[PDB]
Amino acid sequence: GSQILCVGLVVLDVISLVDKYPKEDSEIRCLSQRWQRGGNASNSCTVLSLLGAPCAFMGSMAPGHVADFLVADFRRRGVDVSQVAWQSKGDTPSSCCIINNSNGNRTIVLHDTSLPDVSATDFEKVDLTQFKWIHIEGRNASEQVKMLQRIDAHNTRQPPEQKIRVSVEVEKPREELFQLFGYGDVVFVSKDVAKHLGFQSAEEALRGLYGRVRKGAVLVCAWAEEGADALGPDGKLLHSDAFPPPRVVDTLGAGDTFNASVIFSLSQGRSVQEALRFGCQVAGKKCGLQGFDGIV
C-alpha cells in the first residue's frame, strides 16, 4: 500500500499564452504556445509525483500519436500508467486553453470525445492492495459510486491501519455528480459548484453542504485568492489564507495542484489545518509559473 491512485481524465491541453483576453470577433497573435498533458486527475498525478509520492493514473485512453505524447509525459514524471483503460473506439480529448499572461486566468474549450469512460467493470480488475489513497475525479457518477462501494467493501475486511483512504472531486455544476458527496473520507467541492448551488463563500458552502457527506468525512472547498476552508466531524471550520505569487501568470491546473497537495499532506499524516495550508501554498507557487515544474 505505497501508491496513490487518481481516477479521472487525461486530456491534451493545447495552450496559447496571450497578453490580453481576446474580444469576440477579434484576431490577436499569442506570445507563446505549448502542449501540456492535462485532465484533472492527470494534473494531480503530475503534482503528486513532483511532491515525491509514488502514484498511478487510471483513465480512458485511445491509441494514437497524441496518446503517445501523453504516455511519454506520464513516464517522464514516473506516473504509473499500467492501470489505463485503453479503448478501441474514440479519439483522445483535447482542449484549447487560453492563458491570459497579465492575470493568469485560463479559459478552456474542451473537445470531449465519445471516448468511453472508465467503468466499474474496469475498476473491479484493479489490485487495491498497492494503494494507500484513491482519489476519484467525479465524471460518470452512477458508475463511480459502484467503484466506491467496491473500495468500502475492501475496507471492511482490513485493519484500520490498512484502510484505503478515499477522496472525491465534485467540480462541475452537474447534478448526476452530487451523489458522490456522498462517499470518501475527504470531499472536494469547487467554488463553481458551490456558487451554482446558491452559496457565496467557502464557509457558507461548507455549512450548507456538510449534511451530504458520509459520516466522519472532511468537506473541502477552495476559493481562489480567497484561500480555502475545510470542515470535519467536530463542526470546527478551518481556514487557510491563499499564497498568491506576486505575479500570477498561469492558473491552469491550480485546483488540481491544490487537491493533489491536500491529499499528499493528509496521506503523510498531517492535520487538516496543515494540509489546507499546504494545499494553498503549493497551488500558489504553481500560479507564479508556467506548467508544473518548479513547484518543488
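Numbering starts at 1 and runs along the sequence shown.
Mean CA temperature factor is higher for 147-155 when stretches 94-102 and 147-155 are set side by side in the entry. Higher mean CA B-factor, judged across 52-60 and 241-249 from the recorded values: 52-60.
Remark: of 189, 202, 186, 115, 115 shows the highest value [criterion: C-alpha B-factor in the PDB entry]. Placement of the Cα temperature factor of residue 218 within the chain: middle third of the modelled residues, per the deposited record. In this PDB entry, the Cα temperature factor of residue 289 sits in the bottom third of its chain's modelled residues, the lowest group. Looking at the C-alpha B-factors along this chain, the one for residue 23 belongs to the highest third.
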